[PDB]
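**Q** quick one, structure for this:
(2 chains)
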Amino acid sequence: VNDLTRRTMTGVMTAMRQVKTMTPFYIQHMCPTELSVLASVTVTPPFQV
Amino acid sequence: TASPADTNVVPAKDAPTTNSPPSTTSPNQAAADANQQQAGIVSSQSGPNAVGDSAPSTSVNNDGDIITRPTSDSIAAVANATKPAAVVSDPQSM
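**A** Numbers count the residues shown, from 1 in each chain, chains lettered A, B, ... in the order given. Next up is the structure itself:
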């Protein structure tokens, strides 16, 4: 990894870190609501440990 | 929208042993492999998880024996092997 590659990798990684995404918000605040609702309509109830 | 096929999913009849191939060598391992391959998993992606597992098979009796035909037939076979003639013909019979 010469210097040019080193910066390139760094730029790519920080690009991945910086891009906005709603996925974490959906998981923490929205997904549990959907799971709770769906858990009551299937014939087979959820089996968990 | 409200597709029943996605809501009424339950195990099919004869589920625990349906995929078992007919063999006598290692029925439980063979059945386990058949289930794994049937489910769409490929060995190269399951990795070490595929080596030791075993699953129930039709070739295995409830008592834990290797069977090649339904157990009733086995009962029938031994029963038929012993059927003395009901009426015999001998000179001294009164």
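
**Q** regarding the residue of chain A found nearest chain B, what is its secondary structure?
**A** Here the residue of chain A nearest chain B is residue A:43; by C-beta to the nearest C-beta that distance is 5.1 Å. Heads up, the C-betas are built off the backbone N, CA and C, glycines and all. Secondary structure for residue A:43, judged by DSSP: H, G, I helix; E, B strand; the rest coil, is coil.

**Q** let me see the contact set for the residue most central in space within chain B.
**A** Ranked by distance to the mean C-alpha position of chain B (C-alpha atoms, centre = their mean), the top residue is residue B:58 at 0.8 Å. In this structure, residue B:58 makes contact with B:17, B:20, B:22, B:27, judged by C-beta atoms under 8 Å, 6 or more residues apart in numbering or on different chains.

**Q** can you list contacts of stretch A:8-18?
**A** Stretch A:8-18 is contacted by residues residue A:1 when judged by C-beta under 8 Å, 6+ apart.

**Q** nice, that's everything, thank you.
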